[PDB]
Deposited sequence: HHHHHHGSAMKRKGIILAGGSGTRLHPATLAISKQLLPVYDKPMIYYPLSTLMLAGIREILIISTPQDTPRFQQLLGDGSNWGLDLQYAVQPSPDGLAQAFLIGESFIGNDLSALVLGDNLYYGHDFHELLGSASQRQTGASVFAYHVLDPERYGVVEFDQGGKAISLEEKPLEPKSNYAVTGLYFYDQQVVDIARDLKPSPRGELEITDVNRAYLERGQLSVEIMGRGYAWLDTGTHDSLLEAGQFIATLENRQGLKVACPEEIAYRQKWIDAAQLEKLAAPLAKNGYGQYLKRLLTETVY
């Protein structure tokens, strides 16, 4: 008788971006002024998630651990798992099964950057849906590269296709997914696609066929940035730099997000600022203590 956790998939991108990524995983590469993984981590945090599993290669887990620790500095609890071989995104749920337990979950890709107004509220809406799965659809130039969602005249999602040659719309599914307690069992019964991968689109189609997939539009006023190529990586750095140098505010500073969620107080933030007091990042953390930012 019986009476939301986060996952960040930051494993191998294979040899796709070699030789740039020969010495280090993509998700530890900087995007402008901070490691890439700070952005998806900050995203889960904005969604109010505090218990988070980082999935990386066996080779780079210690590097993630060194950067991020156990989370206690930022009011989180961070755990780690390895993905020996990159057998697909849906594998996150088998690797993370004991971590998830009987809870709701959120999966984010470790190389996905988001930006925009009321992003907190867009994340809240998905996080509040305690049943079913929630994903986001975003208009892209190149829907071929993604899971593509087709809508009917009423705006209802009626199909999902993984990397179709002739996409039914320009609406790609973003690398951010919210799931109720059915996801582990759905993942467990997945059979490898032709490429040997356990596909997240198959997971989302399972929910769709059950009438339990909410697809919310992430509007054109949001930036969902591309890190798939060297070119798009560079554009992602330039995009963040322009916003931060314009505003005097950072995007996805995890210390700041914890501070504003009240997961850490002013004294704790002051201590985090000390080691970096001579660079712009530590000076930014110090300015958060006295400035009112709306």
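Missing from the model, relative to the deposited sequence, are the stretches 1-3, 7-11.
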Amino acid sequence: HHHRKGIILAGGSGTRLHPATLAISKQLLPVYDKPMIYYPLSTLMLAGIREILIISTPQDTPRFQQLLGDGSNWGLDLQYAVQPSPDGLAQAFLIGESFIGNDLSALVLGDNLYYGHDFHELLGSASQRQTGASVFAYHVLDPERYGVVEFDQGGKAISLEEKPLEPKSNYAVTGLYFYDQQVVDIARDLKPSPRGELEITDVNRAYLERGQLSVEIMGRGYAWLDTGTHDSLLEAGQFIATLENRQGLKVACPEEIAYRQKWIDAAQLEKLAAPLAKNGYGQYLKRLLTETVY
From here on, numbers count along this sequence of modelled residues.
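For clarity, a rigid core is taken as the largest C-alpha set superposing within 1.5 Å between two forms.
In 8 other deposited structures of this protein, superposed by the rigid core, the C-alpha atoms of 224-232 lie farther from the shown form than the other of 36-44 and 224-232. As the entry records it, the average C-alpha temperature factor is higher for 271-279, out of 19-27 and 271-279. Across the two stretches, 117-125 and 187-195, the PDB entry reports the greater mean Cα temperature factor for 187-195. Residue-level inspection of the entry shows that, of 219, 75, 155, 175, 155 has the top Cα B-factor. When the Cα B-factors of 235, 33, 265, 256 are read from the PDB record, 265 comes out highest. Residue 202: CA B factor lies in the middle third for its chain, per the PDB record. In the deposited entry, the Cα temperature factor of residue 60 sits in the middle third of values across the chain's modelled residues. Ranked by C-alpha B-factor against the other modelled residues of its chain, residue 108 falls in the lowest third. Placement of the Cα temperature factor of residue 170 within the chain: middle third of the modelled residues, per the deposited record.
In the PDB entry, residue 131 places in the highest third of its chain by CA B-factor.
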